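**Q** Quick one: the structure is below, and I'll ask about it shortly.
Read-outs throughout are calculated quantities, based only on the coordinates presented, and are distinct from any laboratory measurement. All Cβ positions, even for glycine, are placed from backbone atoms using ideal geometry, and neighbour counts span all protein chains on display.
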Amino acid sequence: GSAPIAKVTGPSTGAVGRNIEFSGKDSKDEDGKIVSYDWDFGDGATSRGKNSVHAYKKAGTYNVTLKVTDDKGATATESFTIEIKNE
């Protein structure tokens, strides 16, 4: 179709205060190039980029959302749930 499809790659679990790496690299678009990746880590922090990093300050479950936008302004979103624990 003409819409990009967003995919979030990351770890299902992680540690308080450690950098967690996420990626949007599996996102695809058959009708354009993906030009931007916008991240919301679910604790109020945001970032951008094909890859992103965040350290959570408190243990808990968090919903991470990625929005991809392509070269014709078309967008797609996807979510990823991570459990962060005290190690």
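**Q** Just to be sure I understand, how many residues within the stretch 55-76 are within 20 Å of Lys25 (Cβ to Cβ) and either charged (D, E, K, R) or assigned to a loop (DSSP other than H, G, I, E, B) (or both)?
**A** Counting residues in the stretch 55-76 that are within 20 Å of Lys25 (Cβ to Cβ) and either charged (D, E, K, R) or assigned to a loop (DSSP other than H, G, I, E, B) (or both) gives 4.
**Q** Are any residues in the stretch 5-14 over 20 Å from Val68 (Cβ atoms) and part of a strand (DSSP E or B), and if so, which ones?
**A** Listed by number, the residues that qualify are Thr13, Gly14.
**Q** Within the set of pairs 6 or more residues apart or between chains, which connect a residue that is farther than 21 Å from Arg18 by Cα inside the stretch 70-85 to a residue that is polar (S, T, N, Q) and surrounded by 12 or more Cβ atoms within 10 Å (Cβ to Cβ) with Cβ atoms less than 6 Å apart?
**A** Cβ pairs passing all conditions: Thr75/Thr69; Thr77/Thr65.
**Q** Applying the selection to the stretch 56-87, what residues are under 13 Å from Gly10 (Cβ atoms) and either within 13 Å of the chain's Cα centre (by Cα) or not hydroxyl-bearing (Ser, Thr, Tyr) (or both)?
**A** Within the stretch 56-87, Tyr62, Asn63, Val64, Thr65, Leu66, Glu78, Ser79, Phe80, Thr81, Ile82, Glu83, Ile84 qualify.
**Q** For the stretch 15-49, name all the residues that are under 16 Å from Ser79 (Cβ atoms) and assigned to a strand (DSSP E or B).
**A** Residues satisfying the conditions are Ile20, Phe22, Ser23, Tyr37, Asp38, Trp39, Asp40, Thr46, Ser47.
**Q** Looking at (1) surrounded by fewer than 18 Cβ atoms within 10 Å (Cβ to Cβ); (2) in contact with a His (Cβ under 6 Å, 6 or more places away or on another chain), which one does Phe41 not meet, given that it meets all the others?
**A** Every listed condition holds for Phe41 apart from (1).
**Q** Could you give every pair whose Cβ atoms fall below 6 Å, whose first residue belongs to the stretch 13-34 and is in contact (Cβ under 8 Å) with a residue 40 or more places away in the chain, and whose second residue is loosely packed, with under 12 Cβ neighbours inside 10 Å and assigned to a loop (DSSP other than H, G, I, E, B), counting only separations of at least 6 or pairs across chains?
**A** Qualifying pairs under 6 Å: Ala15/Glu87; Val16/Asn86; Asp31/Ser2.
**Q** Identify, from the list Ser52, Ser2, the residue that is hydroxyl-bearing (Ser, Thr, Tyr) and assigned to a strand (DSSP E or B).
**A** From the options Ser52, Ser2, the qualifying one is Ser52.
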